[PDB]
Amino acid sequence: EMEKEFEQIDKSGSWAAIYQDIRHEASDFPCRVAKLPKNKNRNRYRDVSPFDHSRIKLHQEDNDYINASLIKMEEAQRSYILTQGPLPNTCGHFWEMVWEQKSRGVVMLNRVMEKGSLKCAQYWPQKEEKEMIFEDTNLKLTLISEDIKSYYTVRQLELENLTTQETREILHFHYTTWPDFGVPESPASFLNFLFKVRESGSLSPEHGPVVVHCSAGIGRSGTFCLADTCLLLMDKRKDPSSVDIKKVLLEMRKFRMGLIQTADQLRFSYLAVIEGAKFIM
Ligand SMILES: [Mg+2]
């Protein structure tokens with residue numbers, strides 16, 4: 001079991017070493033589309049590049065590229081799209097992807113400002129009465145409502161295809177308390193946030209994949225998906241104890257790089273899966 005394993009690593013002080021084995025085992029696929037000169041302005045510096053095979057394609061004729069990847073977890077029956085925090089010039093693209101992929105939810109695991117530096121564009125409206133128009137992709141976006149809680153905020157947004165006048169309700173799940181340095185001391189609030197995203201229907205099969213992002217190059221998104229999938233598999237399988245977080249991570253890692261960026265994030269993932277499992281089971 002996983003708690004046993006966790007403890008073997010904790011007292012043995014081998015987090016760094018176990019983390020490094022996984023990293024060497026991990027997949028390495030081409031990212032040629034991402035490295036094309038015409039796409040240089042579509043990529044966030046110090047951020048991951050999407051593998052070609054799993055990249056999400058915008059449905060426009062001009063340039064179909066966005067830094068986003070589809071993680072498809074076959075056994076768990078979950079899909080997630082992981083993407084970079086929108087850039088000043090890719091907000092239209094971002095919401096285009098949300099529209100076309102039929103996503104219900106967007107999961108944001110960073111603040112707009114962290115460490116005194118901008119981590120993404122203000123890509124959603126902060127006020128009901130001041131909507132946003134993305135002229136490049138023909139979308140309007142409106143803040144419908146906003147509910148600020150201690151560890152996270154949930155917003156309802158409406159997206160309008162300006163040409164056809166169709167509308168879609170999107171839920172924005174904004175985790176606002178991940179510390180600037182390290183990981184949360186207790187996974188409790190993060191698990192609670194995951195349960196709120198679940199409760200919304202945003203991870204469920206009736207919708208397209210949730211869109212998940214964080215800040216550039218420092219993970220978090222992978223932890224959210226890893227924890228979600230592991231907990232789901234523990235409920236599905238005849239043998240819950242066969243769920244190996246390393247194996248689930250390695251499978252996820254086939255679809256996008258930089259899922260777990262440090263030994264501490266790995267430790268935190270174990271910790272979230274264990275306490276999440278105790279709470280559900
Ligand atoms: Mg394929």
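FYI, it's all coordinate maths here, none of it is from the lab. Positions of Cβ are backbone-derived with ideal geometry, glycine not excepted, and every protein chain shown enters the neighbour counts.
Here are a few things to note about the model shown:
- Enumerated helices (runs of 4 or more DSSP H) restricted to the stretch 1-119, each holding at least 2 residues that are closer than 26 Å to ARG198 by Cα: 2-12, 91-100
- Residue selected from the stretch 186-222 under the condition in a helix (DSSP H, G or I), touching a residue at least 24 places away in the same chain (Cβ under 8 Å) and charged (D, E, K, R), by the criterion farthest from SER103 (Cα to Cα): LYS196
- Looking only at residues of the stretch 105-129 that are touching a strand residue (DSSP E or B) at 6+ places or on another chain (Cβ under 7 Å) and surrounded by 21 or more Cβ atoms within 10 Å (Cβ to Cβ), we find that the one that is farthest from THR223 (Cα to Cα) is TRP124.
- Tally, over the stretch 222-245, of residues that are under 18 Å from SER27 (Cα atoms) and buried (at least 16 other Cβ atoms within 10 Å of the Cβ): 5
- Considering residues of the stretch 170-185 that are in a loop (DSSP other than H, G, I, E, B) and more than 15 Å from the chain's Cα centre (by Cα) only, the residue nearest to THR153 (Cα to Cα): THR177
- Within the stretch 72-94, being under 15 Å from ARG237 (Cα atoms) and hydrophobic (A, V, I, L, M, F, W, C) holds for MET73, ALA76.
- Taken over the stretch 2-46, the criterion of being of a type in the set (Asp, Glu), within 24 Å of the chain's Cα centre (by Cα) and closer than 30 Å to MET281 by Cβ is satisfied by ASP21, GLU25.
- Pairs with Cβ under 6 Å, 6+ apart, first in the stretch 34-47 and in contact (Cβ under 8 Å) with a residue 60 or more places away in the chain, second of a type in the set (S, T, N, Q) and crowded, with 18+ Cβ neighbours inside 10 Å: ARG44/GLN84; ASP47/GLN84
- Check on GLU158, outside any strand (DSSP E or B), surrounded by fewer than 20 Cβ atoms within 10 Å (Cβ to Cβ), at negative phi and not β-branched (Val, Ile, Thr): no
- Subset of the stretch 138-185 (residues that are over 15 Å from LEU109 (Cα atoms), polar (S, T, N, Q) and either free of Cβ contacts under 8 Å to residues at least 24 places away in the same chain or out of contact with any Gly (no Cβ under 9 Å at 6 or more places or on another chain) (or both)): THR142, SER145, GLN156, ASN161, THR163, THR164, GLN165, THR167
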